[PDB]
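*Asks:* Show me the folded form of this:
(chains A and B, ligands or ions: 8)
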Amino acid sequence: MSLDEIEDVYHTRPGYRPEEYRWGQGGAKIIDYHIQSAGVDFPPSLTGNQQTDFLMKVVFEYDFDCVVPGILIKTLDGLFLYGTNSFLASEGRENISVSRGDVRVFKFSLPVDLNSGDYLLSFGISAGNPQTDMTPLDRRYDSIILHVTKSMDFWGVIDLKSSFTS
Amino acid sequence: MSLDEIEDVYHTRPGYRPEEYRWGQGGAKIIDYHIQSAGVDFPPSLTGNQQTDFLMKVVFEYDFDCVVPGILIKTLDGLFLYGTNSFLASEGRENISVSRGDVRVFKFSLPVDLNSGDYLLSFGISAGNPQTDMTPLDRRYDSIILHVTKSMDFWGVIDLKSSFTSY
Ligand SMILES: [Cl-]
Ligand SMILES: [Cl-]
Ligand SMILES: [Cl-]
Ligand code: NA
Ligand code: NA
Ligand code: NA
Ligand code: NA
Ligand code: NA
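*Replies:* Numbering: from 1, shown residues only, chains lettered A, B, ... in the order given. Ligands and ions are numbered 1, 2, ... in the order given. Below is the structure:
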């Protein structure tokens, strides 16, 4: 993805769902995304035991002292499996600040240790100030379909990777 | 857990559920269990993301060439979160034979990568060829309640442990 482009091309990417429910109060726009794993841009399926990167590109229309990107994964039938954001997932505790006109890319990296099936991915962006509050600016809910093909043998929705000893 | 004791004391342990559904063909009995995490025996809850040991003790009434212990973890509303057995968890490494009268302990160790809340654990013992022909011997289904604690919950039920960076 290019930081010098601000066109909303999100809808053009592999896995995009026209069934997305987009909402938000405005002031920033999630204008693109990228998914990659094991050297492949937009792999047709994801799998466990390797990293996948989930990238979102945002253009900000105002200065904000604090911006918080987030991700959500649901089952195809709508069960919330896993959601996180920069406040929960970052090692550091510093606010991400932006200036009017800034274009930023946010990257969530995780091993997709889910059982085989289809899952729904969402990206969101919130912003605000410590002395006021945080507000959802753009939320692209259930906007990307993920096909998972497991690479380990396990049962249930998540591979907890147990060891075994006798 | 003592290998020289064969009394079925499973029902006396912390977290045991009288609501268990125990089933099986017989030939072995899961007679005890133990849970430990960070060196603490039977902690009142499991910390999210922390390695926890789940141990089961079995007495075998017959010789078996290939015994296969297993576990299941589910939510209260029946969502199947994770299951495995000795064969799957070890990627085919483990093959366990026993003689009549033997008492064995089996341990599954895993990071409890779950959100705060209550979960249902099962311990089972089966025998045979795991892929194609396995006889369930004693299956203690939804027999233990687990409590998971965290400081800050994420959204949902399973922790995929994402990292984060910005550009
Ligand atoms: Cl192992
Ligand atoms: Cl191994
Ligand atoms: Cl069972
Ligand atoms: Na709306
Ligand atoms: Na979603
Ligand atoms: Na596993
Ligand atoms: Na029965
Ligand atoms: Na997490």
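
*Asks:* mind listing the strands for chain A?
*Replies:* Taking DSSP state E as the test, the strands found in chain A are A:21-23, A:28-37, A:40-41, A:51-60, A:64-75, A:80-85, A:96-98, A:103-111, A:117-128, A:134-148, A:163-165.

*Asks:* The ones you listed: which one's closest to residue B:154?
*Replies:* Proximity to residue B:154 (Cβ to Cβ) singles out strand A:80-85 among the strands of chain A, at 5.0 Å. For the C-beta atoms, the positions are set from N, CA and C on the backbone; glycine is no exception.

*Asks:* Remind me what the closest one packs against, helices and strands.
*Replies:* strand A:64-75, strand A:117-128, strand B:155-156 (3 or more Cβ pairs under 8 Å, 6 or more residues apart in numbering or on different chains; DSSP states H and E).

*Asks:* Return the residues in contact with the closest residue to residue A:88 other than its chain neighbours.
*Replies:* If you skip the residues right next to it in sequence, residue A:88 has residue B:154 as its closest partner in space, 5.8 Å away by Cβ to Cβ, 6 or more residues apart in numbering or on different chains. Residue B:154 sits next to A:82-84, A:88, B:115 when contact means Cβ atoms under 8 Å, 6 or more residues apart in numbering or on different chains.

*Asks:* Chain A against ligand 8: which residues are in contact?
*Replies:* If contacts are counted using Cβ under 5 Å from the ion, the residues of chain A sitting beside ligand 8 are residue A:84.

*Asks:* Find the closest residue to ligand 8 in chain A.
*Replies:* Nearest to ligand 8, among the residues of chain A, is residue A:84, at 4.7 Å (Cβ to the ion).

*Asks:* Just grab the bridge partners of that residue for me.
*Replies:* residue A:71 (DSSP bridges).

*Asks:* before we move on, back to that, next up, phi/psi of the residue nearest to residue A:88, please.
*Replies:* With angles defined as degrees, to the nearest 10, residue B:154 shows backbone torsions of phi -90, psi -180.

*Asks:* Find the centremost residue of chain A, please.
*Replies:* Centrality entry for chain A: nearest residue to the mean C-alpha point is residue A:71, 3.7 Å, by Cα atoms, centre = their mean.

*Asks:* Ok, which of the helices and strands packed on strand A:80-85 comes nearest ligand 6?
*Replies:* Each of these was checked against ligand 6 via Cβ to the ion, and the shortest separation belongs to strand A:117-128, namely 16.7 Å.

*Asks:* returning to what we had before: make JSON lines out of the contacts of residue B:154 and add distance to ligand 3.
*Replies:* Written out in JSON lines, the entries for those read as follows (distance: Cβ to the ion, whole Å):
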{"residue": "A:82", "distance to ligand 3": "26"}
{"residue": "A:83", "distance to ligand 3": "31"}
{"residue": "A:84", "distance to ligand 3": "32"}
{"residue": "A:88", "distance to ligand 3": "34"}
{"residue": "B:115", "distance to ligand 3": "23"}
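
*Asks:* ok, what's across the strand from residue A:32?
*Replies:* Counting by DSSP bridges, residue A:32 forms beta bridges with residue A:57.

*Asks:* Apologies, that question was intended for residue A:96.
*Replies:* When assigned by DSSP bridges, residue A:96 has beta-bridge partners residue A:67.

*Asks:* next one: residue A:105
*Replies:* Applying DSSP bridges to residue A:105 gives these bridge partners: residue A:57.

*Asks:* Repeat that for the one 4 residues further on.
*Replies:* With DSSP bridges as the criterion, residue A:109 is bridged to residue A:53, residue B:163.

*Asks:* where's it relative to ligand 1, distance?
*Replies:* Distance of residue A:109 to ligand 1, given as Cβ to the ion, to the nearest Å: 25 Å.

*Asks:* ok, now residue A:117?
*Replies:* Relative to ligand 1, residue A:117 is positioned 25 Å away (criterion: Cβ to the ion).

*Asks:* ditto for residue A:66
*Replies:* In this structure, residue A:66 and ligand 1 are separated by 43 Å, where distance is defined by Cβ to the ion.

*Asks:* from the chain's centre, how far out does stretch A:67-77 sit?
*Replies:* Mean C-alpha position of stretch A:67-77 versus that of the full chain (Cα atoms, centre = their mean, to the nearest Å) differs by 6 Å.

*Asks:* What of stretch A:85-93?
*Replies:* 14 Å.

*Asks:* So which residues on chain A come close to ligand 5?
*Replies:* So chain A meets ligand 5 at A:72, A:74, A:120, A:122, A:142 (Cβ under 5 Å from the ion).

*Asks:* try 6 Å
*Replies:* If contacts are counted using Cβ under 6 Å from the ion, the residues of chain A sitting beside ligand 5 are A:72-74, A:120-122, A:142.

*Asks:* among those residues, which two are most distant?
*Replies:* When the residues of chain A next to ligand 5 are compared pair by pair using Cβ to Cβ, the two farthest from each other are A:73 and A:142, 10.2 Å apart.

*Asks:* Tell me if stretch A:49-59 is near ligand 6.
*Replies:* No: residues of stretch A:49-59 are not located near ligand 6 by Cβ under 6 Å from the ion, the shortest gap being 10.2 Å.
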